[PDB]
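Here the structure comes first, spelled out in structure tokens, and everything after it is commentary.
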Amino acid sequence: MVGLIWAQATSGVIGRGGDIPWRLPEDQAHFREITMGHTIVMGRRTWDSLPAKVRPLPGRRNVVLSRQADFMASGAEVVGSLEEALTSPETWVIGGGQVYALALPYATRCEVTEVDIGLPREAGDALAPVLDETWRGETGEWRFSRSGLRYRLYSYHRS
Ligand SMILES: NC(=O)c1ccc[n+]([C@@H]2O[C@H](COP(=O)([O-])OP(=O)(O)OC[C@H]3O[C@@H](n4cnc5c(N)ncnc54)[C@H](OP(=O)(O)O)[C@@H]3O)[C@@H](O)[C@H]2O)c1
Ligand SMILES: [Co+2]
């Protein structure tokens, strides 16, 4: 099983300026529950975005995709291709925009947090991947985050 997990604004923006323009503790807890114990695969830019104290995320095989053969991600594996990372029962791709697009052919699950923030797309933004007609979706109810933004979970799946 390869799954993708991400949070997006209603516009599809998932990242700006190398970070994320919101922070929902509830979504972080959801992310932790879904990924805990499994492989997590991330692009090098997303690894860069994690603070050194939080890196690697605990209890998970942290894998970083990079074309730099000498890139060092202390506490993580650095691989040059996505296929190298797929050696575990569950693999969660945790971003960013480039790696979501790269991993989508391998994917049968997408756990998507829609954040009710009106965030027009700007040049340089990272965006959520486009899901074609093979994906079947199940939508949760809108919830209030303590941060003040509403959010809802979509669970997309396909054979
Ligand atoms: N849920 C969310 O909202 C969420 C989750 C994660 C990240 N983000 C955001 O997403 C943004 C980063 O996304 P990004 O798209 O800019 O970069 P990214 O996908 O995180 O990492 C891009 C890097 O991955 C490596 N890479 C990409 N394709 C590769 C391939 N085919 N083979 C080998 N290595 C490859 C390269 O690393 P080298 O340059 O080292 O070769 C490339 O520079 C940040 O803003 C981050 O905060 C958002
Ligand atoms: Co699990």
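In this analysis, Cβ positions are derived from the backbone assuming ideal geometry, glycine residues included, and neighbour counts consider all displayed protein chains. Taken together, the values in this text are just the output of simple stated rules run on the coordinates, not laboratory data.
The Cα atoms of the range 100-159 define a convex hull whose projected area, averaged across directions, is 5.2 nm². Of the trypsin sites (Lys or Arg not before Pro) found in the range 101-159, the ones in coil according to DSSP and having at most 11 other Cβ atoms within 10 Å of their Cβ are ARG146. Run the helix sum for the chain: -39,500 (n - 2.57) per DSSP H stretch of 4+ residues, divided by residue count, reported at 222 nm to the nearest 500 deg cm²/dmol. Using -39500 (n - 2.57) per qualifying helix, the result is -4000 deg cm²/dmol. Considering only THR113, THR139, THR87, the mean-square fluctuation computed in a Gaussian network model of the chain, springs between alpha carbons under 10 angstrom, is largest for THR87. Net charge dipole, the chain: roughly 340 debye, given to the nearest 20, about the Cα centre with Cβ charges of +1 for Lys and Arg and -1 for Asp and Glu. Computed over the alpha carbons of the chain, Rg followed by Dmax gives 15.0, 45 Å.
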